[PDB]
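Listed next as structure tokens is one chain, alone, in the form solved without the named molecule.
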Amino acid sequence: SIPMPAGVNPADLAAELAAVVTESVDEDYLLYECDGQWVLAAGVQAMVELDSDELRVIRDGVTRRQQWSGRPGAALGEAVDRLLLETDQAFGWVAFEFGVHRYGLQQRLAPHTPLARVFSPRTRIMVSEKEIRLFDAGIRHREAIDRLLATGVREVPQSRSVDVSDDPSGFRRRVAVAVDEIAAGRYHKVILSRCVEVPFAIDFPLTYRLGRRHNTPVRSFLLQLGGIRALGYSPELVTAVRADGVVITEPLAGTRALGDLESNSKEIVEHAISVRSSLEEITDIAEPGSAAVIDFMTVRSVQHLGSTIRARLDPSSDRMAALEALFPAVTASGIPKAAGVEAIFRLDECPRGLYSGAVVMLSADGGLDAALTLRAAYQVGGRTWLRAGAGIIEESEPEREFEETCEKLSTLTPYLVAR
């Protein structure tokens, strides 16, 4: 537990710790901000990689490859439990496609489709306004820290800007297809998204730093995990399983990122429907008659409308089954919902993996924290990109909807800090 350098910013320090502890070895990590603390999950001890076709578990070099069966939630939950046999915490992410088995569409998935990535770290480093607390940092890690503390944080260099004016994934066309199916009665809402590719490469922690000062979110992350970098300001708690069995879900999580009771009556309609279907979903997973909506349509700094749902797990269900049962999020797929997910397969670039999935932290005490994530930046190999969507309804218009996503994109776009 060390004091903070004074006039040095927690996020900046935390993002600079990720860079140093990485250039040091060649370590994967997950920087995670939460209500006011950052956590850096530093090393990799073990990794669970759940794909569409296989389970892989990777330890001290060797991979263990295996087939798995129904409900991805159970296959993952078992792997995660073995991971936490001898460690407290795990971190990773779960893909949109994780919720796809439920509505029977796993077949539509290409042979190696990421479903989830979970790992136990070699080090947790908590970073806050008053202090830095270190859990299980060996010599290698603390020298890095002492080294960053010797120098200070780098200055953020000039940011470079992307031109989100054009398509050409044909978000325009695709929205108009969605509007047509909504008019035919196929479903009532779907969320379509749009990728903007970034020519120059991002330096991630440095792009994360700049964007963090210019955005101000509820949760934020930065990672380097599979062969994937990601960075976001959009995450919100959707689902949490407490150590004592109680499940919390947050049915309107993501309306915040997704943006007279006569006007906002669409919003109230969608609020009710989405509340109701999640109460339906959670019940399929809970002690009979333990499910309740405890806070309902209350104005919960930004103001998105809110509801909280509470349940008790079982005897017989897993925390990951809770997640699945509630995945994917109503607000990031559509309503009816099955119809939205299936619409997304037809009308959006697929797989989404991570865009509309999310973060996920787990505890050996039995806890789970999962946070839907939308707007983020991603890098896999040579392509770096942004992804943002909008919710398309009966009265939606290609143009307005497109400029909608333009506005959502520039909470990232001017902050792009090149390598």
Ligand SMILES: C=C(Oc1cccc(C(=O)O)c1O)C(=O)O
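We call the rigid core whatever largest set of C-alpha positions still superposes within 1.5 Å between the two forms. Start at 1 with the first residue shown and count on from there.
Asks: Tell me whether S301 turns out to be unmodelled in at least a third of the other entries of this protein, restricted to those that model residues on both sides.
Replies: Looking at the other entries that model residues on either side of it, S301 is missing from at least a third.
Asks: Does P217, which is modelled here, drop out in at least a third of the other compared PDB entries?
Replies: Negative; every one of those entries includes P217.
Asks: Per the entry, how many residues of the deposited chain go unmodelled between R140 and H141: none, 1 to 3, 4 to 9, or 10 or more?
Replies: Gap size class: none, per the record.
Asks: Please figure out whether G259 and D260 are truly consecutive in the deposited sequence or have unmodelled residues between them, and give none, 1 to 3, 4 to 9, or 10 or more.
Replies: Unresolved stretch here: 10 or more residues.
Asks: Between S120, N215, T308, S290, which one tops the list for Cα B-factor in this entry?
Replies: In this record, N215 carries the highest C-alpha B-factor of the candidates.
Asks: State the tercile, meaning the lowest, middle or highest third, of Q45 with respect to the CA B-factors recorded for its chain.
Replies: Middle third - that is where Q45 ends up once the chain's C-alpha B-factors are sorted.
Asks: C-alpha B factor of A358, ranked within the chain: lowest, middle or highest third?
Replies: Answer is highest: the recorded C-alpha B-factor places it there.
Asks: Using the temperature factors of the C-alpha atoms in this entry, rank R65 within its chain: lowest, middle or highest third.
Replies: CA B-factor rank for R65: highest third.
Asks: Taking the values exactly as deposited, rank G92 by C-alpha B-factor within its chain and report the matching third: lowest, middle or highest.
Replies: Answer is lowest: the recorded C-alpha B-factor places it there.
Asks: Based on the entry's values, in what third of the chain does the Cα temperature factor of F296 lie: lowest, middle or highest?
Replies: Lowest third, going by the recorded CA B-factors of the chain.
Separately, the form solved in complex with the named molecule exists; it is not shown, and the next lines address it.
Asks: Site status for the named molecule after superposition of its pose in the deposited bound form: open, or blocked by 3 or more ligand atoms within 2.4 Å of backbone or C-beta atoms?
Replies: Answer blocked: 3 or more ligand atoms come within 2.4 Å of backbone or C-beta.
Asks: Taking 4.5 Å between heavy atoms as the contact cutoff, choose which of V360, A388, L354, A377 touches the named molecule in the deposited bound form.
Replies: Exactly one listed residue reaches within 4.5 Å, namely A388.
Asks: Considering non-hydrogen atoms and a 4.5 Å limit, which listed residue (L326, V94, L252, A286) is close to the named molecule in the deposited bound form?
Replies: Of the candidates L326, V94, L252, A286, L252 is the one lying within 4.5 Å of the named molecule in the deposited bound form.
Asks: Taking the shortest heavy atom distance, is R209 within 4.5 Å of the named molecule in the deposited bound form?
Replies: Output for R209 is no: heavy atoms all beyond 4.5 Å of the named molecule.
Asks: I'd like to check something about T239: if you look in the deposited bound form, is any of its heavy atoms closer than or equal to 4.5 Å to a heavy atom of the named molecule?
Replies: Result no; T239 lies far from the named molecule in the deposited bound form.
Asks: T331 versus the named molecule, in the deposited bound form: is there a non-hydrogen atom within 4.5 Å?
Replies: Although the named molecule is absent here, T331 would touch it in the deposited bound form, with heavy atoms inside 4.5 Å.
Asks: Using a 4.5 angstroms cut-off on non-hydrogen atoms, would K189 count as touching the named molecule in the deposited bound form?
Replies: Yes, contact at 4.5 Å.
Asks: Where, among 66-74, 389-397, 50-58, 363-371, do residues come within 4.5 Å of the named molecule in the deposited bound form by heavy atom distance?
Replies: The contacting stretch here is 389-397.
Asks: With the two forms superposed on the core, which of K266, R142, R186, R172 shows a CA shift of 2 angstroms or more between the shown form and the other one?
Replies: Result of the comparison: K266.
Asks: Superpose on the rigid core, then tell me if the C-alpha of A286 is displaced by 2 angstroms or more between the shown form and the other one.
Replies: Moves: yes, 2 Å or greater.
Asks: For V162, state whether the C-alpha moves by 2 Å or more between the shown form and the other one after rigid core superposition.
Replies: Shift at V162: below 2 Å after core fit.
Asks: Rigid core aligned, does the Cα position of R229 differ by 2 Å or more between the shown form and the other one?
Replies: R229: C-alpha displaced by less than 2 Å between the shown form and the other one.
Asks: Out of closer and farther, which fits the Cα atoms of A253 and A95 in the deposited bound form compared with this form, where the change is 3 Å or more?
Replies: Farther apart in the deposited bound form, by 3 Å or more.
Asks: So the Cα-Cα distance between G254 and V127 shifts by 3 Å or more in the deposited bound form; is it shorter or longer than what we see here?
Replies: It is farther: in the deposited bound form, the C-alpha atoms of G254 and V127 lie at least 3 Å more apart than they do here.
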